[PDB]
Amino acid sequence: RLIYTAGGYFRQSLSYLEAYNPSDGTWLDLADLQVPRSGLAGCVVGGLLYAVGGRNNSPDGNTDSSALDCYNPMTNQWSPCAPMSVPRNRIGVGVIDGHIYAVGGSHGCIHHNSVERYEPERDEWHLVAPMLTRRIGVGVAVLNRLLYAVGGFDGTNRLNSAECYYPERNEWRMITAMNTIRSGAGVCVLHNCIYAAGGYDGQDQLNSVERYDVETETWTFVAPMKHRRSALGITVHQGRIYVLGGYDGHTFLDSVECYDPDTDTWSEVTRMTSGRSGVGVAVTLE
């Protein structure tokens, strides 16, 4: 239906909200964020777009965000929701049973292993069991009612490790680590596999993509992206992964590539209006 892209960074933190339509390839110019921010994460619950966490990198100063803002598509306006317990810059998020999980992120020099859950019915955040590892630039994916924290950065080492959360048991456990170390990678779920595209391994931006099969418990490489990129927006729409923007250790990308799992190929389908990195993206449900 539509692929949102909220915020991002180019010279400073951005306030752009734009929506891409895969059918005709048009870009909608929607209402801008109240506060500019990069390193945020986007998710859609009910029929509202949620902008979680982030950081406002401006010439005047840098401020980490604990703000949850809710975009109503009908009115084309943003409405503040209950803020998180702590600011979370470079955050990952996943949705289970209509509840938003705010995973990891940073507050200045404090790297979070803590995770908290938002209940939209109550407008209320509540902390859950923390991760085994501190993760910023973490990628999150939801599969079989289980949340996966994939890769990231613990303040010293970038991570190839991943861990699975069990909502019913309220506990974390380590799974098989990735083949490549990835911080700020695009993580999503397509069919019955966890995907991890792009990222930063400590010295190079990555174009390699690998997927995790839950039953075999093995990470397998697939066709790499055309442009290597970190801090990229990722989204699945009608059986195909879409990756939007990012940073290639150099230029802020406007490129948007699409992955077809049947053919195992990447192809640039469009461009964003301007180059940016660290965007929060989410698809309109259904």
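Note that residue numbering begins at 1 and tracks the sequence as displayed.
- Once the C-alpha B-factors are averaged per stretch, 76-84 and 169-177 rank with 76-84 first.
- Note on 191-199 vs 152-160: mean CA B-factor is higher in 191-199.
- When the modelled residues of the chain are ordered by C-alpha B-factor, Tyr259 sits in the middle third.
- Split the chain's modelled residues into thirds by C-alpha temperature factor. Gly98 is in the middle one.
- Among the modelled residues of the chain, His126 sits in the middle third by CA temperature factor in this PDB entry.
- Among the modelled residues of its chain, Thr235 has a C-alpha B-factor that falls in the middle third, as given in the PDB entry.
- Remark: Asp204 belongs to the lowest third of its chain, ranked by C-alpha B-factor as recorded.
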